[PDB]
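One file, query26.cif, is given below (mmCIF, C-alpha atoms).
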data_structure
loop_
_atom_site.label_atom_id
_atom_site.label_comp_id
_atom_site.auth_asym_id
_atom_site.auth_seq_id
_atom_site.Cartn_x
_atom_site.Cartn_y
_atom_site.Cartn_z
CA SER A 22 65.45 83.43 132.13
CA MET A 23 65.23 81.34 135.19
CA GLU A 24 64.74 84.58 137.32
CA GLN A 25 61.59 85.32 135.17
CA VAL A 26 60.23 81.84 135.81
CA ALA A 27 60.76 82.18 139.54
CA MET A 28 58.90 85.48 139.57
CA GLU A 29 56.14 83.81 137.57
CA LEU A 30 55.88 80.98 140.08
CA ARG A 31 55.59 83.53 142.97
CA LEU A 32 52.71 85.29 141.05
CA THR A 33 51.04 81.91 140.58
CA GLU A 34 51.26 81.08 144.23
CA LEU A 35 49.95 84.56 145.16
CA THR A 36 47.05 83.94 142.74
CA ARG A 37 46.27 80.66 144.54
CA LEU A 38 46.22 82.38 147.90
CA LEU A 39 44.09 85.32 146.53
CA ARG A 40 41.60 82.81 145.07
CA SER A 41 41.12 81.27 148.51
CA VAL A 42 40.78 84.78 150.03
CA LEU A 43 38.20 85.74 147.33
CA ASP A 44 36.17 82.64 148.07
CA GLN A 45 36.15 83.32 151.74
CA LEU A 46 35.08 86.99 151.22
CA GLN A 47 32.34 86.09 148.84
CA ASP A 48 30.95 83.58 151.38
CA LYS A 49 30.32 86.63 153.58
CA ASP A 50 27.80 87.84 150.90
CA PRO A 51 25.23 85.10 151.00
CA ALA A 52 22.60 87.38 149.41
CA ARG A 53 24.88 87.74 146.31
CA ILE A 54 24.48 91.50 146.44
CA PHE A 55 28.07 92.01 145.29
CA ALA A 56 28.36 89.06 142.91
CA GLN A 57 27.91 90.85 139.62
CA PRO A 58 28.35 94.35 138.15
CA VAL A 59 25.61 96.91 138.76
CA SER A 60 23.56 96.69 135.51
CA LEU A 61 23.55 99.96 133.53
CA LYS A 62 20.31 98.84 131.91
CA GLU A 63 18.69 98.71 135.40
CA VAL A 64 20.56 101.66 137.08
CA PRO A 65 21.17 103.90 134.06
CA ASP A 66 22.66 106.81 136.05
CA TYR A 67 25.18 104.62 137.92
CA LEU A 68 28.33 105.94 136.26
CA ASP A 69 27.35 109.53 137.02
CA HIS A 70 27.69 108.51 140.70
CA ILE A 71 30.35 105.80 140.80
CA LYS A 72 33.48 106.31 138.74
CA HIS A 73 35.14 102.91 139.29
CA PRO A 74 32.45 100.16 139.67
CA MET A 75 33.61 96.82 141.06
CA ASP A 76 32.05 93.44 141.93
CA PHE A 77 33.21 89.90 142.73
CA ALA A 78 32.86 88.53 139.14
CA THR A 79 35.04 91.36 137.79
CA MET A 80 37.69 90.61 140.52
CA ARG A 81 37.55 86.92 139.69
CA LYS A 82 38.27 87.69 135.96
CA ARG A 83 41.29 89.82 136.94
CA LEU A 84 42.48 87.18 139.35
CA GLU A 85 42.37 84.31 136.82
CA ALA A 86 44.42 86.37 134.37
CA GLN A 87 46.98 86.80 137.26
CA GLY A 88 46.22 90.45 137.19
CA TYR A 89 46.83 91.12 140.93
CA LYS A 90 50.61 91.66 141.52
CA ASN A 91 50.30 92.04 145.28
CA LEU A 92 47.68 91.93 148.04
CA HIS A 93 47.32 95.77 148.11
CA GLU A 94 45.92 95.70 144.55
CA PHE A 95 43.35 93.01 145.47
CA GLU A 96 42.33 94.90 148.61
CA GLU A 97 41.86 98.08 146.59
CA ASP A 98 39.27 96.29 144.43
CA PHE A 99 37.53 94.79 147.49
CA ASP A 100 37.32 98.18 149.11
CA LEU A 101 35.75 99.61 145.92
CA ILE A 102 32.95 97.03 146.20
CA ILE A 103 32.15 98.24 149.73
CA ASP A 104 32.82 101.92 149.33
CA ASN A 105 30.87 102.30 146.06
CA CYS A 106 27.82 100.65 147.71
CA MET A 107 28.03 102.86 150.85
CA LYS A 108 27.98 106.01 148.68
CA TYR A 109 25.22 105.08 146.20
CA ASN A 110 22.88 103.51 148.74
CA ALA A 111 21.55 105.12 151.94
CA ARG A 112 22.10 103.84 155.47
CA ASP A 113 18.58 102.45 155.78
CA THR A 114 18.95 100.04 152.83
CA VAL A 115 19.64 96.36 152.60
CA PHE A 116 22.49 97.22 150.21
CA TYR A 117 24.36 99.54 152.51
CA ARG A 118 23.88 97.18 155.46
CA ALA A 119 25.19 94.26 153.43
CA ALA A 120 28.30 96.25 152.64
CA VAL A 121 28.93 97.09 156.29
CA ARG A 122 28.64 93.39 157.25
CA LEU A 123 30.93 92.34 154.35
CA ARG A 124 33.51 94.95 155.37
CA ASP A 125 33.43 93.84 159.04
CA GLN A 126 33.61 90.12 158.27
CA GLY A 127 36.12 90.53 155.44
CA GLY A 128 38.53 92.49 157.70
CA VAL A 129 39.19 89.30 159.69
CA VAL A 130 40.04 87.30 156.52
CA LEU A 131 42.27 90.04 155.13
CA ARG A 132 44.14 90.51 158.41
CA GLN A 133 45.38 86.89 158.23
CA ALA A 134 45.92 87.02 154.45
CA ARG A 135 48.38 89.81 154.95
CA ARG A 136 50.32 87.82 157.55
CA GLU A 137 50.44 84.80 155.07
CA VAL A 138 51.57 86.96 152.16
CA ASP A 139 54.39 88.44 154.30
CA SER A 140 55.23 85.10 155.96
CA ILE A 141 55.51 82.94 152.75
CA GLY A 142 56.96 85.97 150.84
#

Written form, structure tokens:
Amino acid sequence: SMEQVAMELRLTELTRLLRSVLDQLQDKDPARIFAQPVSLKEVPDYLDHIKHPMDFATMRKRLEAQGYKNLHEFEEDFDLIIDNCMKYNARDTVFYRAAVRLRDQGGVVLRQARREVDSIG
């Protein structure tokens, strides 16, 4: 149906906007601490601690399959990146600190992304 196509075009345009958002958030991680999944070879207990691991490569795979239906879903995954790190790692670590700085810097990007999502529809 034409209605189905129109909905598909809206999801495509959302995907474009989310890709730009993703790029901007990942620029706020110049150390590439959040770029890839925590390796279970290197941190074998990780899944005892963290029940829903997340990282930027995993988000990018979801995104390119148009797997984010709205901005809330994308933000949920971004928050997992931060929140998982802040639980597993202590306050005195480069990991935790990186997460805090990513959260603080990413909030600015996401604030305007929400306005754009609402504005364009």

Fill in: Output check: residues returned by the PyMOL selection byres ((chain A and resi 128-141) around 8), as a PyMOL selection string
chain A and resi 35+42+45-46+92+124-127+142

Discussion item. I want to know what sits within 10 Å of residue 90 in chain A, based on all atoms listed in the file, with residues of the same chain fewer than 4 positions away left out; could you give that as number ranges by chain?
Written reply: A: 31-33, 35-36, 84, 94-95

Worksheet item: Between A:59, A:81, A:30, A:121, which one has atoms that come closest to residue 103 in chain A, using all atoms listed in the file?
Response: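 Nearest to residue 103 in chain A: A:121.
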
Practice prompt. Tell me, as number ranges by chain, which residues lie within 12 Å of range 56-58 of chain A, counting all atoms listed in the file; anything in the same chain fewer than 2 positions away does not count.
Written response: A: 43-44, 46-54, 60-64, 67-68, 71, 73-82, 99, 101-102, 105-106

Keeping only C-alpha atoms, take the residues you just selected and write them out as a compact mmCIF listing (two decimals), keeping the file's coordinate frame.
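Once everything was written out, this is result_27.txt:
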# COMPACT_ATOMS: atom_id res chain seq x y z
CA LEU A 43 38.20 85.74 147.33
CA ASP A 44 36.17 82.64 148.07
CA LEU A 46 35.08 86.99 151.22
CA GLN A 47 32.34 86.09 148.84
CA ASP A 48 30.95 83.58 151.38
CA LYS A 49 30.32 86.63 153.58
CA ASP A 50 27.80 87.84 150.90
CA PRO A 51 25.23 85.10 151.00
CA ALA A 52 22.60 87.38 149.41
CA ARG A 53 24.88 87.74 146.31
CA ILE A 54 24.48 91.50 146.44
CA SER A 60 23.56 96.69 135.51
CA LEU A 61 23.55 99.96 133.53
CA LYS A 62 20.31 98.84 131.91
CA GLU A 63 18.69 98.71 135.40
CA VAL A 64 20.56 101.66 137.08
CA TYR A 67 25.18 104.62 137.92
CA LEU A 68 28.33 105.94 136.26
CA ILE A 71 30.35 105.80 140.80
CA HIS A 73 35.14 102.91 139.29
CA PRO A 74 32.45 100.16 139.67
CA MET A 75 33.61 96.82 141.06
CA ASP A 76 32.05 93.44 141.93
CA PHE A 77 33.21 89.90 142.73
CA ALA A 78 32.86 88.53 139.14
CA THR A 79 35.04 91.36 137.79
CA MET A 80 37.69 90.61 140.52
CA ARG A 81 37.55 86.92 139.69
CA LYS A 82 38.27 87.69 135.96
CA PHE A 99 37.53 94.79 147.49
CA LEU A 101 35.75 99.61 145.92
CA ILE A 102 32.95 97.03 146.20
CA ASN A 105 30.87 102.30 146.06
CA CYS A 106 27.82 100.65 147.71

Residues selected by the PyMOL selection byres ((chain A and resi 117) around 12), written as an mmCIF file with C-alpha atoms, keeping the file's coordinate frame:
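Final output, expr-v7.cif:
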data_model
loop_
_atom_site.group_PDB
_atom_site.id
_atom_site.type_symbol
_atom_site.label_atom_id
_atom_site.label_comp_id
_atom_site.auth_asym_id
_atom_site.auth_seq_id
_atom_site.Cartn_x
_atom_site.Cartn_y
_atom_site.Cartn_z
ATOM 1 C CA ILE A 54 24.480 91.500 146.440
ATOM 2 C CA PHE A 55 28.070 92.010 145.290
ATOM 3 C CA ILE A 102 32.950 97.030 146.200
ATOM 4 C CA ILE A 103 32.150 98.240 149.730
ATOM 5 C CA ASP A 104 32.820 101.920 149.330
ATOM 6 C CA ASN A 105 30.870 102.300 146.060
ATOM 7 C CA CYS A 106 27.820 100.650 147.710
ATOM 8 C CA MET A 107 28.030 102.860 150.850
ATOM 9 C CA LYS A 108 27.980 106.010 148.680
ATOM 10 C CA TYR A 109 25.220 105.080 146.200
ATOM 11 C CA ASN A 110 22.880 103.510 148.740
ATOM 12 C CA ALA A 111 21.550 105.120 151.940
ATOM 13 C CA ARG A 112 22.100 103.840 155.470
ATOM 14 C CA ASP A 113 18.580 102.450 155.780
ATOM 15 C CA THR A 114 18.950 100.040 152.830
ATOM 16 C CA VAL A 115 19.640 96.360 152.600
ATOM 17 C CA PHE A 116 22.490 97.220 150.210
ATOM 18 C CA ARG A 118 23.880 97.180 155.460
ATOM 19 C CA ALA A 119 25.190 94.260 153.430
ATOM 20 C CA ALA A 120 28.300 96.250 152.640
ATOM 21 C CA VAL A 121 28.930 97.090 156.290
ATOM 22 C CA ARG A 122 28.640 93.390 157.250
ATOM 23 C CA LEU A 123 30.930 92.340 154.350
ATOM 24 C CA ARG A 124 33.510 94.950 155.370
#

Fill in: Between CA of residue 96 in chain A and CA of residue 39 in chain A - distance in Å to one decimal
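According to the coordinates, CA of residue 39 in chain A and CA of residue 96 in chain A are separated by 10.0 Å.
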
Listed atoms of range 41-55 of chain A boxed along x, y and z, 6 Å each side, centre and edge lengths in Å, one decimal, as JSON:
{"center_x": 31.9, "center_y": 86.6, "center_z": 149.4, "size_x": 30.5, "size_y": 22.7, "size_z": 20.3}

Worksheet item: What separation in Å, quoted to one decimal, exists between CA of residue 70 in chain A and CA of residue 83 in chain A?
Response: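 Here the two named atoms are 23.4 Å from each other.
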
Take range 119-135 of chain A, bring it up to N, CA, C and O atoms, and give me the output as a CSV table (one decimal), keeping the file's coordinate frame.
chain,number,residue,atom,x,y,z
A,119,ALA,N,24.4,95.4,153.9
A,119,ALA,CA,25.2,94.3,153.4
A,119,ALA,C,26.7,94.6,153.3
A,119,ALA,O,27.6,93.8,153.6
A,120,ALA,N,27.0,95.8,152.8
A,120,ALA,CA,28.3,96.2,152.6
A,120,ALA,C,29.0,96.4,154.0
A,120,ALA,O,30.2,96.0,154.1
A,121,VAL,N,28.3,97.0,155.0
A,121,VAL,CA,28.9,97.1,156.3
A,121,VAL,C,29.3,95.7,156.8
A,121,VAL,O,30.4,95.5,157.4
A,122,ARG,N,28.4,94.7,156.7
A,122,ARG,CA,28.6,93.4,157.2
A,122,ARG,C,29.8,92.7,156.5
A,122,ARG,O,30.7,92.0,157.1
A,123,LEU,N,29.8,92.8,155.2
A,123,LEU,CA,30.9,92.3,154.4
A,123,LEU,C,32.3,93.0,154.7
A,123,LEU,O,33.3,92.3,154.9
A,124,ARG,N,32.3,94.3,154.9
A,124,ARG,CA,33.5,95.0,155.4
A,124,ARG,C,34.0,94.4,156.7
A,124,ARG,O,35.2,94.0,156.9
A,125,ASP,N,33.1,94.2,157.7
A,125,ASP,CA,33.4,93.8,159.0
A,125,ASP,C,33.9,92.4,159.1
A,125,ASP,O,35.0,92.2,159.6
A,126,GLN,N,33.2,91.5,158.4
A,126,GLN,CA,33.6,90.1,158.3
A,126,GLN,C,34.8,89.9,157.4
A,126,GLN,O,35.7,89.0,157.7
A,127,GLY,N,35.0,90.7,156.3
A,127,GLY,CA,36.1,90.5,155.4
A,127,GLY,C,37.4,91.0,156.1
A,127,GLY,O,38.5,90.4,155.7
A,128,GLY,N,37.3,91.9,157.0
A,128,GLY,CA,38.5,92.5,157.7
A,128,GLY,C,39.3,91.4,158.4
A,128,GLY,O,40.5,91.3,158.3
A,129,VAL,N,38.6,90.5,159.0
A,129,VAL,CA,39.2,89.3,159.7
A,129,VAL,C,40.0,88.4,158.7
A,129,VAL,O,41.1,88.0,159.0
A,130,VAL,N,39.5,88.2,157.5
A,130,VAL,CA,40.0,87.3,156.5
A,130,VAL,C,41.3,88.0,156.0
A,130,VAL,O,42.4,87.4,155.8
A,131,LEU,N,41.2,89.3,155.7
A,131,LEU,CA,42.3,90.0,155.1
A,131,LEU,C,43.4,90.2,156.1
A,131,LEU,O,44.6,90.3,155.7
A,132,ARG,N,43.1,90.4,157.4
A,132,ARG,CA,44.1,90.5,158.4
A,132,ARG,C,45.1,89.3,158.4
A,132,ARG,O,46.3,89.5,158.3
A,133,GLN,N,44.5,88.1,158.3
A,133,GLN,CA,45.4,86.9,158.2
A,133,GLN,C,46.0,86.7,156.9
A,133,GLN,O,47.1,86.1,156.8
A,134,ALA,N,45.3,87.1,155.8
A,134,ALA,CA,45.9,87.0,154.4
A,134,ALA,C,47.2,87.8,154.4
A,134,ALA,O,48.2,87.4,153.8
A,135,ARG,N,47.2,89.0,154.9
A,135,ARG,CA,48.4,89.8,155.0
A,135,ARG,C,49.5,89.1,155.7
A,135,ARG,O,50.7,89.2,155.2
